[PDB]
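Here is the naming used below: chain letters follow the sequence lines, and residue numbers restart at 1 for every chain. Below, all heavy atoms of this structure are taken into account, side chains as well, without hydrogens, waters or symmetry copies. Counting starts at 1 for both ligands and their atoms, following the listed order.
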Amino acid sequence: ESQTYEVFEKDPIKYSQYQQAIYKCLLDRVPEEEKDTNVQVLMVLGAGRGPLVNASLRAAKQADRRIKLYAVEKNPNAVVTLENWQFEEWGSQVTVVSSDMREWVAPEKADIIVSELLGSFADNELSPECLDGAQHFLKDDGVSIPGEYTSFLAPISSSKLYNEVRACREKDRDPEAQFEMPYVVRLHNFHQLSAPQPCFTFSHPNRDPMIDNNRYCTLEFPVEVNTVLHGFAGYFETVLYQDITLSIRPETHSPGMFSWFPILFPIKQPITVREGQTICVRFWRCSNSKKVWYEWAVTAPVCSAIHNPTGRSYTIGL
Amino acid sequence: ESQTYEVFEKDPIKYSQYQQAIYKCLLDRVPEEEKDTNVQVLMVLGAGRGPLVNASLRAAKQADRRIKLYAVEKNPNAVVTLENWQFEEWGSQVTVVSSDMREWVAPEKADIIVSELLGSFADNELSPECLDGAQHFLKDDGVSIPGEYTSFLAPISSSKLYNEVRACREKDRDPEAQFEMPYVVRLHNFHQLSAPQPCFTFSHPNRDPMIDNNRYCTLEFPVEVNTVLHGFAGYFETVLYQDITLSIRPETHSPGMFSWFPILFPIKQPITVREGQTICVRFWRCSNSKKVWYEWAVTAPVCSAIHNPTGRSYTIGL
Amino acid sequence: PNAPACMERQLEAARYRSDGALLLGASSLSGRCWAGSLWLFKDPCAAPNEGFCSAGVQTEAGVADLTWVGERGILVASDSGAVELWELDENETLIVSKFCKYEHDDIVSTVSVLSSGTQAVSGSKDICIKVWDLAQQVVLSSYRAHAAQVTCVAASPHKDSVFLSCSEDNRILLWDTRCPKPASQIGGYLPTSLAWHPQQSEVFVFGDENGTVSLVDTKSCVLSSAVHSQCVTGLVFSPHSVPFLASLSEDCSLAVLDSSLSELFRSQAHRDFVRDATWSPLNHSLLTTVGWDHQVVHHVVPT
Amino acid sequence: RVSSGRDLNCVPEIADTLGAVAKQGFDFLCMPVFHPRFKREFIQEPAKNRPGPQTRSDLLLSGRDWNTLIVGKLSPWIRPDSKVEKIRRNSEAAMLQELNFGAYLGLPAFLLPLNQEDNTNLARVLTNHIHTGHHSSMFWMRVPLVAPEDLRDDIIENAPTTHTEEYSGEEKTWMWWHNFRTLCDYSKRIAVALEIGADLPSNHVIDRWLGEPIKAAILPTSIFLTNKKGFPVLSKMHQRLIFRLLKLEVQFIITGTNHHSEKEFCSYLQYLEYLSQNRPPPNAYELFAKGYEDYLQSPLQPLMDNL
Ligand SMILES: O=C(NCc1ccc(F)cc1)[C@@H]1c2ccccc2C(=O)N1Cc1cc2ncccc2[nH]1
Ligand SMILES: O=C(NCc1ccc(F)cc1)[C@@H]1c2ccccc2C(=O)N1Cc1cc2ncccc2[nH]1
Ligand SMILES: CSC[C@H]1O[C@@H](n2cnc3c(N)ncnc32)[C@H](O)[C@@H]1O
Ligand SMILES: CSC[C@H]1O[C@@H](n2cnc3c(N)ncnc32)[C@H](O)[C@@H]1O
């Protein structure tokens, strides 16, 4: 909706980082002697109401380099905003494209592709799948911003949050579906039982043959207290370009930024953990031609059931 | 499964009709003077365990014409049967392809494409979508067998069948989902309230620009008795080639054939119908990029709710 | 040129007057502002460039339909519910608003000037048809005869009291204000456009939503042809003694037909909806079309 | 005292239009999301590939303004139940587009017309939209007391108006509503915007609408009489109806141009306010009960339970 884009745009720290990332990439790709010979082809993949396009314009102006912008966006309601802006402000420098990036037949290859397809668990919005399908119209030496992102997990104990998830039981579905799906939540009344560890990582452009976005990760969390595990807090970090990053991981959290809240993967049944014991969690990223989803299971100190098998309770639509 | 294909193959009337259809098409496409110059490229799209391939071989032998067979099949379990048969019996004349027909990049265009993708309501197995996506590798003057199929509907009164559907209520889903989905059923204890009328028709190859398989059909059924409408019996007819047809419509039913049982579209609530009144039903064929489904509603003599909106209760997977 | 800086994308109407000056109406049906404008082109070929215009003015709301009030006057069918009258000044450089009467309760979609030239008839989406006096600037009569939006109204060329009307209620009403019950219904698909025959007072043609162009005699038996694939927007006869009928549509094509509705010319010049046609009074073989693609195409019709 | 809105089908500048409407005392504005005349193609080339923006920007108002002050309107050219297959398919795509843009903006309500008997495909498209995504947006079905065909002037020579008392036939607009909401399976998101005509129907035709979810009452400017002072008023017939409607606590919408040109447009609203103040005040029952209207509660069981 409009007011969903509105609140995203209300985070100036994020777009200043995007501005700085693009600014740096333009200087690296275009030398001083080729300032006015070389026009860089930028493509905002998922332009929304156009915060990045604006940042791309600001970036080029502070760098003093020439750019040609495409603004690809599938949401036709947002494309209305883009085109009104484009007519009034931007002009012919920005070519608004109303299409899916995985479908769009590009009339030109890009030097840079810029995207904002990251959620609270990084790849929970299918950023890998989208940028893989947009990869073909990147130049062989082309750059992606972001170039990398990683998701993190940490075991938590919250009898409040467990009791909250429990209450999300609905008519006409599995009685325990609510435990087999992640939630975006500002975690407050909780206890982080161990330090976050990296779960899944993705690099763009992807150069590994048979680009497989399926994953399986085993994490061992040393717990130094007695407690009751109720779920797993999820965070993420992303490398926009080089040293320009965004992060919601508590220990490396970008200061001021409030666009992404933490994600929560619950478990059906609470699990006792003694001091000295290791919590061992297993996370899968799964997919077919239609859906992507996560499955997860605790294997130590006791086994849980595998949560969300075949995405029965939760899928992410392709 | 194996035993699902087994029971299909146990219908000799159907394949004799397919044999005769192909036999006739070969004679029409190849004259007597071009008997041994012209080899016709046949492509069985959805070969299963290979009843059509065999019929295509029999057809060519009784016609005395040369053919080159492809056997496209997506089910990899069936492809095991095909390849064992192909090695032992058929040989290099049959090229077994293990692929989706909508995906397969053909190394040659076909003179004839043969398919068996019809259900009890004709297009309930998405035969339109599959043959549309296989259309590109048909010659500009190429033939499809079947070339046409039509679905039929007829209002029925069965307090037995209504009570049967009712009992299909399951845990963890809509309490009335069972009424918003069709069923294959040998109709016995029922009363057909009016004569069947054509619902949806499809032609292959489709030559209408922007090939849209979505549909909306209004049918008016004159009822000459008092009764209680409980649903709509569905049948179908198909034109394989010219005068060679298959049909499960009671009045034009192919004698001996027992491959397809009738389909039943129930309604949530029974509807009173007085003698002289017209039952007016509305049928939609709907789709998105992932699913196809039917919606339906009675508008006379009283209105029902629209059944299966957005395919909430029933979808057919693409 | 003493006019607005930029005209709107969607060109709605184009009319030639006696001498051969091209009148243009246009609306913005997209973007921030949904207004309209009026333009004059003493040079028809200069259209639709705003830097080379004789006259131009910005109206309060969009322009749904217009037509020439002789030489000076221009009568407008506005979205506001007003029927606006503008008059060219003596120099014919400015366009001052004569009157603008908010009487319709919805968009005024069609307008036509009657034989006398002091009267006009308007049709609106409020399902009404109103008779105006351009002198006293008041509504003489108000008629709710239709049961749905009035699509097109067309005054009889030579009879002041007579006019046609068509609506989405699937009615073609032939009027005559001299009768107590003025409307008379002529006996599938909804009518969208009307055109009186210029040389025959009893003959008219109508285009429908399905694209069929029909030929109707008042007394009687009708003839028709499937000219367009989509709705017929307008029908305009040529100034010839033996007239040619120009048909425009939403299928983005123009067709010029003979007396028996056989296709003579075809033009797929436009990329958007073809909104109007006007035959050049100087050169009878020239025909100017305008569309929402912002083109002003001049067609050489083989005659 | 009374909650009122303004219906317009012409908005040249959305910011300016609101200001004028607000200055006249109106609480909200019913208006289009796309230009009413901006007909769009979705299948046939080249018109389907029409460039440029399809409508105004959402940025022209604040999120809060969209959420509280604007009521959407379906475009008049959109006819989902057309006999022509092309117009049907186009209107389907257009209806979804407009509804989706309504949701995008976060409009509290959206108007759709019931101006004919058959609105089956209209219902089918709306029901699909309701069961897609999440929204709390209401849908107000614009339905007249008296069908347009039944309040036309008897001025067609060879087509006289029905001078016969047709009890069932005069209730036809309720049957349009009834069928529509039955098809849509009594969605709580679907309500009535009842359009009041110049000539009110018989009493039974009005009583028909008792117990129906009437959220709005559309009052054309044409139905207003003029008093000796020269300001808009209503008949005693319409007065009793408004008094009945005020009990239901509906929102009154004014539509149409200013036929009382010499006066302001606030005068129409001032009259509704005048009526609002001049009603029988709530008794001890209605004062206390105010709040519990149609609120379901479990019957008390003082034996089984301890109160
Ligand atoms: O975490 C979130 N925002 C935190 C927040 C902060 C303040 C506030 F008042 C309300 C919410 C959003 C969000 C909000 C509501 C419901 C769900 C979510 C959600 O998945 N988010 C993550 C997110 C933000 C974002 N921006 C661009 C592109 C992809 C994006 N993915
Ligand atoms: O109607 C049906 N068969 C009737 C039948 C007869 C005898 C018997 F002992 C059991 C069943 C099958 C069927 C069986 C069971 C469950 C469902 C179905 C069903 O949708 N059918 C239709 C059908 C047959 C077929 N063949 C090839 C390709 C597509 C096809 N689609
Ligand atoms: C700013 S939130 C992400 C944005 O990217 C857009 N988006 C997501 N996936 C795609 C895609 N495959 N093609 C184009 N835009 C996309 C979404 O509609 C949203 O506006
Ligand atoms: C004989 S039943 C229909 C057969 O066609 C096959 N089939 C259905 N759709 C396709 C498709 N798109 N490509 C290939 N085979 C198909 C099914 O797997 C089955 O064996």
Trainee: Please give the N or O to N or O pairs under 3.5 Å between ligand 4 and the protein, distances rounded to 0.1 Å.
Mentor:
from	atom 1	to	atom 2	distance (Å)
ligand 4	12 (N)	B/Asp100	OD1	2.9
ligand 4	13 (N)	B/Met101	N	3.0
ligand 4	15 (N)	B/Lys74	N	3.4
ligand 4	18 (O)	B/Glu73	OE2	2.7
ligand 4	20 (O)	B/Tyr5	OH	2.6
ligand 4	20 (O)	B/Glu73	OE1	2.7
ligand 4	20 (O)	B/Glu73	OE2	3.3

Trainee: Would you check whether B/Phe8 has a nitrogen or oxygen atom less than 3.5 angstrom from a nitrogen or oxygen atom of ligand 2?
Mentor: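 No, there is no polar N/O contact under 3.5 Å.
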
Trainee: Is the ring pair A/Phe137/A/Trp104 parallel, tilted or perpendicular, if the boundaries are 30 and 60 degrees?
Mentor: perpendicular

Trainee: Ring-plane angle category for B/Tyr5 and B/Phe8, please: parallel below 30°, perpendicular beyond 60°, tilted otherwise.
Mentor: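 Perpendicular.
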
Trainee: Quick one: closest heavy-atom pair of A/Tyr149 and A/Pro128, and the distance?
Mentor: OH-N, 3.1 Å

Trainee: So, are A/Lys68 and A/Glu108 salt-bridged, with charged N and O less than 4.0 Å apart?
Mentor: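 Judged by the 4.0 Å cut-off on N to carboxylate O distance, A/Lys68 and A/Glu108 do form a salt bridge.
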
Trainee: Restricting to salt bridge (charged side-chain N to carboxylate O under 4.0 Å, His left out), what partner residues turn up for A/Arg285, sequence neighbours left out?
Mentor: A/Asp123, A/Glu129

Trainee: Need the ligand 2 atom indices (1-based, order shown) with element for anything under 4.0 Å from a heavy-atom of B/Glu116.
Mentor: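 Answer for ligand 2: 27 (C), 28 (C).
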
Trainee: Check whether any side-chain N or O of A/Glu73 sits under 3.5 Å from a backbone N or O of A/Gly48 as a donor-acceptor pair, and report yes or no.
Mentor: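 Yes; judged by distance alone, with no hydrogens or angles, the pair exists.
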
Trainee: Checking A/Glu125 now: which residues fulfil salt bridge (charged side-chain N to carboxylate O under 4.0 Å, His left out) with it, not counting sequence neighbours?
Mentor: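 Testing A/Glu125 for salt bridge (charged side-chain N to carboxylate O under 4.0 Å, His left out), a comparison that skips the adjacent residues, returns none.
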
Trainee: List for me each residue that meets salt bridge (charged side-chain N to carboxylate O under 4.0 Å, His left out) alongside B/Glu251, sequence neighbours excluded, and say none if there are none.
Mentor: B/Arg249

Trainee: Which heavy atom of the protein is the closest neighbour of atom 13 (C) of ligand 2, given with residue, atom name and distance?
Mentor: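 Here the closest protein heavy atom is B/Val184 CG1, 4.4 Å.
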
Trainee: Hey, which atoms in ligand 2 end up nearer than 4.0 Å to a heavy atom of B/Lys14?
Mentor: 26 (N), 27 (C)

Trainee: Is the shortest side-chain heavy-atom distance between B/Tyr235 and B/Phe121 below 4.5 Å?
Mentor: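 With C-beta onward as the side chain, the pair stays apart.
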
Trainee: Any idea which protein heavy atom is nearest atom 12 (C) of ligand 2, and the distance to it?
Mentor: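 Looking only at protein heavy atoms, the one closest to atom 12 (C) of ligand 2 is B/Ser259 O, 3.8 Å.
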
Trainee: Atoms of ligand 2 less than 4.0 Å from B/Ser120 heavy atoms?
Mentor: 22 (C)

Trainee: Ring centres of A/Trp260 and A/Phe236 under 6.0 Å apart?
Mentor: yes

Trainee: Could you tell me whether atom 23 (C) of ligand 2 has at least one protein heavy atom nearer than 4.0 Å?
Mentor: yes

Trainee: Where is the nearest protein heavy atom to atom 6 (C) of ligand 2: which residue, which atom, and how far?
Mentor: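 Of the protein heavy atoms, B/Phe258 O, 3.3 Å lies nearest.
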
Trainee: Less than 4.0 Å from atom 2 (C) of ligand 2, is there any heavy atom belonging to the protein?
Mentor: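 Yes; the ligand atom in question has protein heavy-atom contact below 4.0 Å.
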
